Amino acid sequence: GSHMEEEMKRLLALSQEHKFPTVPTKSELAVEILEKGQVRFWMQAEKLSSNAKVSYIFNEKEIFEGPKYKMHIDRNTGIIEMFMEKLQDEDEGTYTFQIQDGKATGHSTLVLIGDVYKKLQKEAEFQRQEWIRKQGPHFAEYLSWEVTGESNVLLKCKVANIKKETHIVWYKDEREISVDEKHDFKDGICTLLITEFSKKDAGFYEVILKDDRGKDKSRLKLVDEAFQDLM
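Residues numbered from 1 in each chain as written, not as in the entry; some residues may be left out. Heavy atoms only, no water.

Engineer: So, the overall build of the protein chain: which residues are in play, and what are the values?
Structural biologist: Looking only at helices and strands, the protein chain has three helices and 10 strands in total. On C-alpha atoms alone, the protein chain measures out to a radius of gyration of 27 Å, which is more than a quarter above the 17 Å that the 2.2 N^0.38 rule sets for 231 residues. Burial analysis of the protein chain (231 residues in total) assigns 31% to the buried set. Restricting to contacts in the protein chain with at least 6 residues of sequence separation, those with at least 24 account for 53%. Accessible surface computed for the protein chain: about 16,300 Å², of which carbon and sulfur atoms make up 51%. Of the side chains in the protein chain, 36 bear a positive and 43 a negative charge, and the two mean positions are spaced by 2 Å. (Helix = DSSP H or I, 4+ residues; strand = E, 2+ residues; numbered from the N terminus. Rg over C-alpha atoms; globule rule 2.2 N^0.38 Å. Buried < 20%, exposed > 50% of the residue type's maximum accessible area, 1.4 Å probe, protein only. Contact = heavy atoms within 4.5 Å. Areas by Shrake-Rupley, 256 points an atom, 1.4 Å probe, with all protein chains shown as cover. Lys, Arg positive; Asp, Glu negative; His and termini not counted. Charge placed at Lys NZ, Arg CZ, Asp CG, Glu CD.)

Rendered as structure tokens:
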């Protein structure tokens, strides 16, 4: 139609322009289930003078910072950070932050109760990506193989941000490809020679990281012998 309203309704939907739930203050107090998959309350609050009060309310009651609800405000204008690490209350979940600075006052409520949270949890899914249990956003070392002229796969990973001893170490499902470790350095990126591979030796070439923490192995499934056969 001439209105083309819906069409723009899509375009604006594409922009994904958020940041609206404010008040006389500057609340953006919404519910962000973090990457770690936890609960997050966050409004802004540009003014912490005298009266300047924020009221943590849960289930129609005013609560306080402590173990179950942790709050952290660094009064740089009054940014309100607040966390919750799960549900485990009496399954209930509803928080109203009413803030006022000086003479102004604003309300902001969040809800995550069993029936409700499960809803936000889907959205959390995007963040729920807890598979990482370590690397998180942006990895450090990565594999990469290349069948060289001799038809061998030249296994090589690539190192990043790390200062302990060496970087990685090639493996193969508990099988340690035992090469000279720290005697001849092998520092930086490491390259080996899969001089022919076999469908009974193939699988995945493991990269292992042990440093000032525990470990860290991440690898893909390598098959070359199946291709060699085609050569």
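There's plenty left to go through after this.
Engineer: How would you summarise the nonpolar core if you had to cite specific residues and measurements?
Structural biologist: Within soluble globular proteins, side chains that are nonpolar generally end up buried alongside one another. Counting residues in each nonpolar core, the largest one holds 24 residues, and the members touching the most others are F41, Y69 and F97. Those elements that place two or more of their residues in this core are β2 (39-43), β3 (53-58), β5 (70-73), β6 (80-84), β7 (94-101) and α2 (114-128). Those residues within four positions of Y69 in sequence are excluded, and the remaining contacts are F58, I63, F64, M82, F83, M84, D89 and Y95. Counting residues in each nonpolar core, the second largest holds 16 residues, with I194, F197, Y205 and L209 among its members. (Core = buried A, V, L, I, M, F, W, Y, C linked by side-chain atoms within 4.5 Å.)

Engineer: Quick rundown of the sheet that holds β3? Include the residues and the values.
Structural biologist: Spatially, four strands are ordered β4-β3-β7-β8 in an open sheet, and the strand pairing comes out antiparallel. Strands at the two margins of the open sheet, each flanked by one partner only, are β4 (61-62) and β8 (104-111). (Pairing = 2+ DSSP bridges.)

Engineer: Can you break down the domain arrangement of the protein chain residue by residue, with the values?
Structural biologist: Splitting the protein chain by domain gives domain 1 (1-137) and domain 2 (138-231). Computed over C-alpha atoms only, the centres of domain 1 and domain 2 are separated by 44 Å. The partner domain 2 presents five residues to the five residues of domain 1 that form the contact. Summed over both sides, the interface of domain 1 with domain 2 buries roughly 450 Å², with 50% coming from carbon and sulfur. On the domain 1 side of the contact with domain 2, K134, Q135 and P137 bury the most area, a combined 85% of that side's loss. Remark: the boundary between domain 1 and domain 2 carries zero salt bridges. Counting across the interface, domain 1 meets domain 2 through two residue pairs in polar contact. A breakdown of the residues in the side of domain 1 that touches domain 2 according to their chemical character gives two nonpolar, two polar and one charged. (Domains from an automatic or database assignment. Buried area = accessible area lost by both parts, 1.4 Å probe. Salt bridge = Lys/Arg side-chain N within 4 Å of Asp/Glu carboxyl O. Polar contact = N/O pair within 3.5 Å; in protein donor to acceptor, adjacent residues only side chain to side chain. Nonpolar A, V, L, I, M, F, W, Y, C, P; charged D, E, K, R; others polar.)

Engineer: Give a description of the pairing of β2 that names residues and reports values.
Structural biologist: Here β2 lies mainly inside the structure; four of its five residues are buried. Pairing between β2 and β6: five bridges, direction antiparallel. Across the sheet, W42 pairs through a bridge with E81, a residue of β6.

Engineer: Summarise the environment of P24; cite the residues concerned and give the values.
Structural biologist: Structurally, the position occupied by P24 is in the loop between α1 (5-15) and β1 (30-31). Each C-alpha atom of the pair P24 and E123 lies 28 Å from the other, and the pair is 99 residues apart in sequence.

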